[PDB]
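This report concerns only the one structure given below.
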Amino acid sequence: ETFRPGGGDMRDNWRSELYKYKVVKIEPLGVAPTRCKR
Amino acid sequence: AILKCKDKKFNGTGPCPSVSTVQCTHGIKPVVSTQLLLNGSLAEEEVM
Amino acid sequence: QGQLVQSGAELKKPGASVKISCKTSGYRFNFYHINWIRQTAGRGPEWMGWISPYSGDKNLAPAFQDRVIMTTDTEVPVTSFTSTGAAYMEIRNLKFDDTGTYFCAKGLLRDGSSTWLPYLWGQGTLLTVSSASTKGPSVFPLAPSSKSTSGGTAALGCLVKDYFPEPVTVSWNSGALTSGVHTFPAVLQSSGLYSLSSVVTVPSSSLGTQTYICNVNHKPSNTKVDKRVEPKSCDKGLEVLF
Amino acid sequence: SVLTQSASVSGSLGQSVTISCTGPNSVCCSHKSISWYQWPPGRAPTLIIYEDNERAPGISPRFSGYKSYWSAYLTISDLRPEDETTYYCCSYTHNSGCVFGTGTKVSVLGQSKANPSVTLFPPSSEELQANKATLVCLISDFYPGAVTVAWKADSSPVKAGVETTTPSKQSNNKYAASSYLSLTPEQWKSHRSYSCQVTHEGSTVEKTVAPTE
Amino acid sequence: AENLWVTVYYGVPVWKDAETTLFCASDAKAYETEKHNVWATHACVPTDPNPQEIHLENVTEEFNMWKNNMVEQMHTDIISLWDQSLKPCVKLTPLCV
Amino acid sequence: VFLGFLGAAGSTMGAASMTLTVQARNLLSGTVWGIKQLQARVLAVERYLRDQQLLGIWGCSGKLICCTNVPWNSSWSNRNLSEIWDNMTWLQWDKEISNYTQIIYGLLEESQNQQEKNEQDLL
Amino acid sequence: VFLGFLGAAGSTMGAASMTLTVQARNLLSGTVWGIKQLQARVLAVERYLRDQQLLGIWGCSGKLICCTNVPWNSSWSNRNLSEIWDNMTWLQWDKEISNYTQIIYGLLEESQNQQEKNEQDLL
Ligand SMILES: *[C@@H]1O[C@H](CO)[C@@H](O[C@@H]2O[C@H](CO)[C@@H](O[C@@H]3O[C@H](CO[C@H]4O[C@H](CO[C@H]5O[C@H](CO)[C@@H](O)[C@H](O)[C@@H]5O[C@H]5O[C@H](CO)[C@@H](O)[C@H](O)[C@@H]5O)[C@@H](O)[C@H](O[C@H]5O[C@H](CO)[C@@H](O)[C@H](O)[C@@H]5O)[C@@H]4O)[C@@H](O)[C@H](O[C@H]4O[C@H](CO)[C@@H](O)[C@H](O)[C@@H]4O[C@H]4O[C@H](CO)[C@@H](O)[C@H](O)[C@@H]4O[C@H]4O[C@H](CO)[C@@H](O)[C@H](O)[C@@H]4O)[C@@H]3O)[C@H](O)[C@H]2NC(C)=O)[C@H](O)[C@H]1NC(C)=O
Ligand SMILES: *[C@@H]1O[C@H](CO)[C@@H](O[C@@H]2O[C@H](CO)[C@@H](O)[C@H](O)[C@H]2NC(C)=O)[C@H](O)[C@H]1NC(C)=O
Ligand SMILES: *[C@@H]1O[C@H](CO)[C@@H](O)[C@H](O)[C@H]1NC(C)=O
Ligand SMILES: *[C@@H]1O[C@H](CO)[C@@H](O)[C@H](O)[C@H]1NC(C)=O
Ligand SMILES: *[C@@H]1O[C@H](CO)[C@@H](O)[C@H](O)[C@H]1NC(C)=O
Ligand SMILES: *[C@@H]1O[C@H](CO)[C@@H](O)[C@H](O)[C@H]1NC(C)=O
Ligand SMILES: *[C@@H]1O[C@H](CO)[C@@H](O)[C@H](O)[C@H]1NC(C)=O
């Protein structure tokens, strides 16, 4: 197998620094049961 | 929030064992280059 | 909500060591403890110890305080909630009374007072501790017999005679013929050799429409035997149907 | 063992039955929790009860637990035929380990009888070239699990080479065993026939092969 | 008692994957670099000297670098950083002689 | 033990509930490109008043924890008290109850709307 | 009978008060021309925190319904209980009390400011 250099698309250059990051949204409202009542 | 995977061997895809959370990523200098990656983060242990 | 599997049944001479494994899949390996429990025929069921993969902490029983070491590999993730792992135990200085079955058990909870309670269980690696050597089986095809003349049924099988040590797993047609099979427990002869029998119930009409092959797998001797049970019987009560 | 259960206990179908589990105070039961396991011999157990009175995940609501300061109990209401096995208890806490018990073999009464299905095999032709001979007497589908196997050489009792295995429980809620006779290639061609008796509740059953035929 | 009732919990560790508008941060000596706004940093927010980092033990989350939107928001941001820096600059229309 | 923001994401729901005030303290936090942050710090507070308005129209108002008179249905993954609060995480839980979250949200705001009108009678 | 948003606008004030939670659920709801919506979804939440701040500085805080220790003056259209809650609509009502709304709004926030200082004494 042979390998040759490439590029062109500039979206690759950023990935080499953003491989270890990702984005999430915090959903603080979770329901769950327990033996309480008002 | 933004999650930072903190293990030494990760091909960027799949589950990460040591996940940590951060507010702002590390300094990422926007180096517009081709073929040769320049002034980027160094990998850990074995080359990736 | 997962599955636990253990290494093959091995034979060890007394005074030597043995390392039995237990690999896991279908949950998070680091969230539950791994107990180890053994059951011999002269001492009943007996807990040994547990170990926590995330923390490495161990608790051992005073009887096994001084001759068992427990070791846990690291966690290999598979999904966001499930993983894959491994658990070993190593018992030194074996004795005759150590002959029995050994189990590994996933914990019950993560927090509370019943955290380490053995909930999910494995399959068991029977440990035989004897000075004798390993013997390979002698598989003899059982001639078919008459079970019902008016019902058109019968029963053939294979005779696994003289082997050591336990166990012996008998299959049929590479796991194809699984219904009607009855495998009987072995007998301990005055020479110390086990010998079980296997027999499957099949109708009399099945002759040149299906091939009967019994597979006796005896992993300690590294020998597999495949016999062709002849569908031509000798019972005089079944010859009326052919 | 230091933790003692009831040696045995009986019960009829559709009813209830209780098992005891007690011992000294070093193991039970003040400041000690209790568990319960359904353990069939040869197979792997199933957690029924933990923390004294709480069922395990998926466990049917037909089990229930009750602990005192000196003993703990387990009531299996609505008895099933697949319950006739052995049950063990354990005395644990959050810190220490399990101290198991002696075991309670529960016999479920009020069941239907089962007549044994016996099949005797003659020694194969490959064994007559070795040369040896082994009579294989297999007993199947009998309840309860307690049969006696006596061998006879031409209508005369045999006391040599007799061996019969323990009555073992099957997956269809019946019992099974096996008996073997070790004979020489000469007693095989000298006697007229060999038999295998299986006495069961007074009713003896017997199968006979013929080397002469 | 034995019958269970729902309860609300506000502020739980619960997150799902999503995309939102991301912004910038760039120290304070970088703002002293000045030189008539070099590259991007102008009214951008300065980085506080607190770099907070929290290791989420026991957690395992599946990443994916080849489907990451911080790329598409970084590429297209650098794309528009270019043009905003050339709009009020000298245009060479009469230089095609 | 202040583990930090989302510090108890793998901790059990019982274990995580001690951190409820650590995840909600950092939930609000206090020319172009300068609008990247404006249209995003606006989306940061509508996310807040959307959650707080649910907390308001339920029997909660006051924050962090709060009960309701809605009986929990068994078909919403029938676990036990010791199977949820001692052997599950909030991420793992909202995965089983992601189907029923919208069903449940209605009862809280309606069971509360019955309580207030009955409150005006008894005054 | 979930009539919907403003579903009870012609229903009597007594009849409409069962819908109070249906009008307030949809009160907050979660390059140019793209700013048409920004300057308008900003005006959508200042309208909210203007109303909620009145609900806060009164004896209400918690939502939907809430009493006050202000005696109702007879000169604010002297109807009866069965003439208001069984024979009038909220639109028709706020037409007679549009003159006095500003007068009344003061007493609620002042009668409440007397109650809290007295509350600090008795603690
Ligand atoms: C990420 O994921 C991880 C996994 O998913 C997760 O880890 C899990 O965390 C949970 C907690 O959230 C854990 O659950 C708890 O575990 C506690 C730890 O257990 C203790 O016991 C061991 C063993 O002790 C024996 O062995 C050693 C030898 O190694 C001896 O030194 C001991 O003396 C003892 O041996 C005796 O007995 C033997 C006979 O069997 C003899 O042979 C021997 O000679 C002795 O006689 C200890 O080694 C442990 O030490 C470790 O922990 C400390 C930190 O505390 C470390 O410094 C140390 O290095 C070790 O790592 C450990 O101490 C359980 O105790 C705990 O049960 C209690 O808590 C629950 C609630 O949490 C209660 O409901 C319950 O009632 C228990 O309460 C008691 O304990 C608390 C805590 O101290 C007390 O406050 C309380 O009052 C009570 O104590 C009193 O009451 C008792 C009443 O009976 C009485 O008996 C006591 O004596 C006392 O009076 C609970 O089960 C879980 O195990 C983890 N691991 C898993 C799930 O795998 C991790 O947290 C996650 N992280 C995040 C961020 O999410
Ligand atoms: C080029 O690579 C060298 C590696 O030798 C970088 O120098 C290291 O920088 C890191 C932090 O940036 C320090 O922790 C190391 O101590 C430095 N190495 C030595 C030998 O001092 C250098 O910063 C890189 N230059 C870039 C990326 O522009
Ligand atoms: C649930 O836990 C309670 C604890 O009191 C126990 O009594 C009950 O049997 C448990 N139910 C099941 C189905 O395990
Ligand atoms: C509980 O859920 C079932 C669906 O599994 C539904 O049919 C039932 O009506 C629900 N209970 C109530 C009180 O609505
Ligand atoms: C939620 O519903 C989907 C279909 O709408 C189903 O595939 C999935 O199994 C459900 N989740 C759980 C946890 O039951
Ligand atoms: C009620 O309204 C009248 C005006 O019609 C006013 O004179 C009077 O002072 C008001 N009552 C009080 C208590 O202020
Ligand atoms: C409100 O006041 C105006 C004058 O300010 C008056 O014309 C009108 O009649 C009043 N409304 C009512 C309902 O009395």
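To be explicit about the labels: the chains of the structure tokens are called A, B, and onward in the order shown, and within each one the residues are counted from 1, while ligands get numbers from 1 in the order they are shown.
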Chain G onto chain F, all Cα, least squares, as a short mmCIF file (atom, residue, chain, number, x, y, z; two decimals) with C-alpha atoms, in the first residue's frame:
```
data_model
loop_
_atom_site.label_atom_id
_atom_site.label_comp_id
_atom_site.auth_asym_id
_atom_site.auth_seq_id
_atom_site.Cartn_x
_atom_site.Cartn_y
_atom_site.Cartn_z
CA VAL G 1 -17.13 16.53 48.98
CA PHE G 2 -17.61 19.24 46.34
CA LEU G 3 -16.89 17.20 43.22
CA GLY G 4 -17.87 20.13 40.99
CA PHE G 5 -20.17 20.87 38.08
CA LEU G 6 -21.77 17.60 36.96
CA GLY G 7 -19.37 16.05 39.46
CA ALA G 8 -21.80 13.20 40.12
CA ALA G 9 -22.80 12.16 36.60
CA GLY G 10 -21.76 8.54 37.12
CA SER G 11 -22.80 8.60 40.78
CA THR G 12 -26.11 6.99 41.67
CA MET G 13 -29.23 9.13 41.61
CA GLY G 14 -29.18 8.91 45.38
CA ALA G 15 -25.49 9.82 45.33
CA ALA G 16 -25.99 12.58 42.75
CA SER G 17 -28.85 14.25 44.64
CA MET G 18 -26.34 15.71 47.12
CA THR G 19 -24.86 17.68 44.21
CA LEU G 20 -28.15 19.17 42.98
CA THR G 21 -27.05 22.63 44.12
CA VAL G 22 -23.68 22.27 42.36
CA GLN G 23 -25.23 21.65 38.93
CA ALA G 24 -27.77 24.49 39.24
CA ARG G 25 -25.40 27.19 40.52
CA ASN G 26 -23.50 27.05 37.21
CA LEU G 27 -26.68 26.79 35.11
CA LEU G 28 -27.23 30.53 34.53
CA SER G 29 -23.76 31.91 35.35
CA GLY G 30 -24.19 35.62 36.12
CA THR G 31 -19.93 44.66 14.75
CA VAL G 32 -20.03 40.90 14.10
CA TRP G 33 -18.46 38.07 16.14
CA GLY G 34 -19.53 40.14 19.15
CA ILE G 35 -23.05 38.98 18.27
CA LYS G 36 -21.99 35.31 18.33
CA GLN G 37 -22.15 35.71 22.11
CA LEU G 38 -25.29 37.87 22.19
CA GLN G 39 -27.57 35.50 20.28
CA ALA G 40 -26.06 32.70 22.41
CA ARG G 41 -26.29 34.35 25.84
CA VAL G 42 -29.91 35.06 24.96
CA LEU G 43 -30.45 31.36 24.25
CA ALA G 44 -28.87 30.77 27.68
CA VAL G 45 -31.70 32.44 29.62
CA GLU G 46 -34.70 31.31 27.61
CA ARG G 47 -33.38 27.85 28.48
CA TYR G 48 -33.58 29.02 32.11
CA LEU G 49 -37.06 30.56 32.11
CA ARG G 50 -38.38 27.54 30.20
CA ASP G 51 -37.23 25.25 33.01
CA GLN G 52 -38.19 27.65 35.81
CA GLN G 53 -41.69 28.06 34.37
CA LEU G 54 -42.20 24.30 34.62
CA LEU G 55 -40.89 24.47 38.19
CA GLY G 56 -43.36 27.30 38.76
CA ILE G 57 -46.51 25.73 37.32
CA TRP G 58 -45.79 22.52 39.24
CA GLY G 59 -45.96 22.27 43.01
CA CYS G 60 -42.34 23.37 43.27
CA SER G 61 -41.68 27.11 42.78
CA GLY G 62 -38.97 26.84 45.42
CA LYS G 63 -36.12 24.94 43.93
CA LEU G 64 -33.94 21.81 44.03
CA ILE G 65 -36.45 19.28 45.43
CA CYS G 66 -40.23 19.13 45.51
CA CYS G 67 -42.94 16.45 45.76
CA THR G 68 -46.16 16.00 43.78
CA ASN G 69 -49.48 14.22 44.33
CA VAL G 70 -49.18 12.26 41.08
CA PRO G 71 -49.06 8.47 41.60
CA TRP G 72 -46.20 6.87 39.68
CA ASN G 73 -47.41 4.41 37.02
CA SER G 74 -45.88 0.94 37.02
CA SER G 75 -45.41 0.88 33.22
CA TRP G 76 -42.75 3.63 33.48
CA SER G 77 -40.02 1.01 33.98
CA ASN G 78 -41.07 -0.76 37.20
CA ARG G 79 -37.92 -0.65 39.31
CA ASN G 80 -37.72 -0.60 43.11
CA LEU G 81 -36.52 2.06 45.52
CA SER G 82 -33.20 0.29 46.05
CA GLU G 83 -32.93 -0.45 42.30
CA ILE G 84 -33.16 3.23 41.32
CA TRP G 85 -31.59 5.30 44.08
CA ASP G 86 -28.76 2.85 44.82
CA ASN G 87 -28.13 1.25 41.40
CA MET G 88 -28.63 3.69 38.50
CA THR G 89 -27.46 7.10 37.30
CA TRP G 90 -29.44 10.11 36.15
CA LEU G 91 -28.14 9.69 32.60
CA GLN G 92 -29.05 5.99 32.59
CA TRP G 93 -32.47 6.73 34.11
CA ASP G 94 -33.68 9.48 31.77
CA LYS G 95 -32.93 6.99 28.98
CA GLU G 96 -35.72 4.64 30.08
CA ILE G 97 -38.05 7.52 30.96
CA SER G 98 -37.36 9.55 27.81
CA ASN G 99 -40.48 8.03 26.26
CA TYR G 100 -42.73 9.01 29.15
CA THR G 101 -41.31 12.42 30.10
CA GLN G 102 -43.89 14.28 28.01
CA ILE G 103 -46.75 12.12 29.31
CA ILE G 104 -45.73 12.81 32.91
CA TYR G 105 -45.13 16.56 32.51
CA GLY G 106 -48.85 17.06 31.88
CA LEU G 107 -50.09 15.48 35.11
CA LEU G 108 -47.86 17.63 37.32
CA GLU G 109 -49.21 20.88 35.87
CA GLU G 110 -52.81 19.58 35.93
CA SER G 111 -52.74 17.90 39.35
CA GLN G 112 -51.41 21.23 40.61
CA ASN G 113 -54.14 23.17 38.80
CA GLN G 114 -56.71 21.16 40.76
CA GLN G 115 -54.97 21.91 44.06
CA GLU G 116 -54.98 25.72 43.77
CA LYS G 117 -58.68 26.08 42.96
CA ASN G 118 -59.43 23.81 45.90
CA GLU G 119 -57.10 26.04 47.93
CA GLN G 120 -59.25 29.09 47.15
CA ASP G 121 -62.37 27.33 48.48
CA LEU G 122 -60.81 26.57 51.89
CA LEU G 123 -59.67 30.17 52.56
#
```
* **chain D contacts on chain C, only C-alpha atoms, 7 Å, as a ChimeraX atom specification** => /C:45-47,113-114,119,121,123,140,142,184,187
* Asked: Which one of C:207, C:117, C:86, C:22 sits closest to ligand 1 if you count only C-alpha atoms and all ligand atoms?
  ->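 Distance minimum relative to ligand 1 lands on C:117.
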Report the residues of chain B whose backbone DSSP state falls under strand (DSSP E), written as a PDB file with N, CA and C atoms, in the first residue's frame.
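Below you can see out_4.pdb, which holds the result:
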```
ATOM      1  N   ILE B   2     -18.965  21.357  27.626  1.00  0.00           N
ATOM      2  CA  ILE B   2     -18.077  20.732  26.655  1.00  0.00           C
ATOM      3  C   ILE B   2     -17.247  19.680  27.368  1.00  0.00           C
ATOM      4  N   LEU B   3     -17.187  18.486  26.790  1.00  0.00           N
ATOM      5  CA  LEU B   3     -16.500  17.355  27.395  1.00  0.00           C
ATOM      6  C   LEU B   3     -15.134  17.161  26.751  1.00  0.00           C
ATOM      7  N   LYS B   4     -14.116  16.961  27.583  1.00  0.00           N
ATOM      8  CA  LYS B   4     -12.756  16.711  27.123  1.00  0.00           C
ATOM      9  C   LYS B   4     -12.360  15.286  27.487  1.00  0.00           C
ATOM     10  N   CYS B   5     -12.138  14.452  26.475  1.00  0.00           N
ATOM     11  CA  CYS B   5     -11.596  13.120  26.718  1.00  0.00           C
ATOM     12  C   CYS B   5     -10.122  13.223  27.101  1.00  0.00           C
ATOM     13  N   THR B  13     -12.975   8.379  18.105  1.00  0.00           N
ATOM     14  CA  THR B  13     -14.276   7.780  17.848  1.00  0.00           C
ATOM     15  C   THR B  13     -14.476   6.574  18.751  1.00  0.00           C
ATOM     16  N   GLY B  14     -15.652   6.491  19.365  1.00  0.00           N
ATOM     17  CA  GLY B  14     -15.953   5.442  20.305  1.00  0.00           C
ATOM     18  C   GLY B  14     -16.073   5.972  21.718  1.00  0.00           C
ATOM     19  N   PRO B  15     -16.239   5.072  22.680  1.00  0.00           N
ATOM     20  CA  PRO B  15     -16.359   5.495  24.078  1.00  0.00           C
ATOM     21  C   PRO B  15     -15.016   5.891  24.673  1.00  0.00           C
ATOM     22  N   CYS B  16     -15.066   6.876  25.569  1.00  0.00           N
ATOM     23  CA  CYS B  16     -13.891   7.361  26.276  1.00  0.00           C
ATOM     24  C   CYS B  16     -14.017   7.041  27.754  1.00  0.00           C
ATOM     25  N   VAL B  19     -13.471  10.615  30.950  1.00  0.00           N
ATOM     26  CA  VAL B  19     -14.100  11.836  30.459  1.00  0.00           C
ATOM     27  C   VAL B  19     -14.051  12.894  31.553  1.00  0.00           C
ATOM     28  N   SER B  20     -13.647  14.103  31.184  1.00  0.00           N
ATOM     29  CA  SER B  20     -13.688  15.254  32.069  1.00  0.00           C
ATOM     30  C   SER B  20     -14.405  16.399  31.367  1.00  0.00           C
ATOM     31  N   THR B  21     -14.955  17.309  32.161  1.00  0.00           N
ATOM     32  CA  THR B  21     -15.744  18.409  31.636  1.00  0.00           C
ATOM     33  C   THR B  21     -14.989  19.723  31.797  1.00  0.00           C
ATOM     34  N   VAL B  22     -15.152  20.605  30.805  1.00  0.00           N
ATOM     35  CA  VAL B  22     -14.482  21.901  30.771  1.00  0.00           C
ATOM     36  C   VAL B  22     -15.470  22.928  30.221  1.00  0.00           C
TER      37      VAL B  22
END
```
* For atom CA of residue 172 of chain C and atom CA of residue 231 of chain C, quote the distance in Å rounded to one decimal. =>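 Between atom CA of residue 172 of chain C and atom CA of residue 231 of chain C the gap works out to 14.3 Å.
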* To do: For chain E, report every residue with an atom at most 12 Å from chain A (counting only C-alpha atoms), formatted as a ChimeraX atom specification.
  => /E:1-22,61-79
* Neighbour list for segment 104-110 of chain D as a ChimeraX atom specification, cut-off 10 Å, only C-alpha atoms, skip fewer than 3 positions in-chain -> /D:4-14,17-21,39-40,79-89,101,113,144
* segment 61-77 of chain C: which residues within 10 Å, counting only C-alpha atoms, same-chain residues fewer than 5 positions away excluded, as number ranges by chain? -> B: 14-17; C: 17, 19, 21-25, 27-30, 34, 36, 46-54, 56, 82-94; D: 96-99; E: 60-62
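The smallest atom-to-atom distance between ligand 1 and any of E:59, E:40, E:30, E:90, using only C-alpha atoms and all ligand atoms, is found for E:59.
With atom CA of residue 15 of chain D on one side and atom CA of residue 64 of chain D on the other, the separation reads 13.8 Å.
You can rank E:91, E:47, E:86, E:97 by their closest distance to chain B using only C-alpha atoms, and at the top of that list sits E:47.
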